[PDB]
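Presented below, as structure tokens, is a lone chain in the form deposited in one PDB entry.
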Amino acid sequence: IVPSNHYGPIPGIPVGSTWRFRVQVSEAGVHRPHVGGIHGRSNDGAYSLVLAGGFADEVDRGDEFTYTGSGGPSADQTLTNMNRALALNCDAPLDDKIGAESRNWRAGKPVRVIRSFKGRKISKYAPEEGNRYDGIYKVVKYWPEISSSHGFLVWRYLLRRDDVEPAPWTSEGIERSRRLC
């Protein structure tokens, strides 16, 4: 229906759609890697990611979350591979030293965000079971941080929801899901 390279909503799969298993999320094309946490191409951008609570308490704020890059914890993370893919979605020239803030955040490339039940103890926005598609998010900004406990650079990303469809935890989103049957 859509290629692997597809940006944005998967047609016929609305916000609030849920799947018991990651393989099913993958089958539906919503987040194609059934193990990898992020789907992207380093020379293009990120298409989807799975959020399971974030790096710390109170990091998932629903409409906004702070995502953490991959790599390392024995080495400085780098703006390569999926880290680079995600940063390319941000509406700003790529900067691998200080990071960048988007000029206009809504103009960024869209990321499909799936919340996993695995973050239910940490995030009030996580589904209580399975996986749920929460819609489109944009990378507002990204920045490097040296961690206090291991002393290596880790990439950090601010994501903010930008979707016409109401978020599943809202009154609108709740009612929409009930109607979809």
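In this text, the rigid core denotes the largest set of C-alpha atoms whose superposition between the two forms falls within 1.5 Å. One-based numbering along the sequence shown. Only residues modelled in both forms are compared.
Another form exists, deposited in another entry; not displayed. Remarks below refer to it.
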| query | With the rigid core superposed, which of 53, 33, 130, 62 has its C-alpha shift by 2 Å or more between this form and the one not shown? | reply | 53
| request: Tell me, please, whether between this form and the one not shown the C-alpha of residue 140 is shifted by 2 Å or more, with the rigid core used for superposition. | output: no
| query | Is residue 117 among the residues whose Cα moves by 2 Å or more between this form and the one not shown after superposition of the rigid core? | reply | no
| task | Looking in the other entry, decide if the C-alpha atoms of residue 58 and residue 48 are closer or farther than in the form shown; they differ by 3 Å or more. | result | closer
| request: Please say whether the CA atoms of residue 54 and residue 62 come closer or move farther apart in the other entry, knowing the change relative to this form is 3 Å or more. | output: farther
| In sequence order, what are the runs of three or more consecutive residues whose Cα atoms each shift by at least 2 Å between this form and the one not shown, relative to the rigid core? | 53-58, 74-76, 146-153
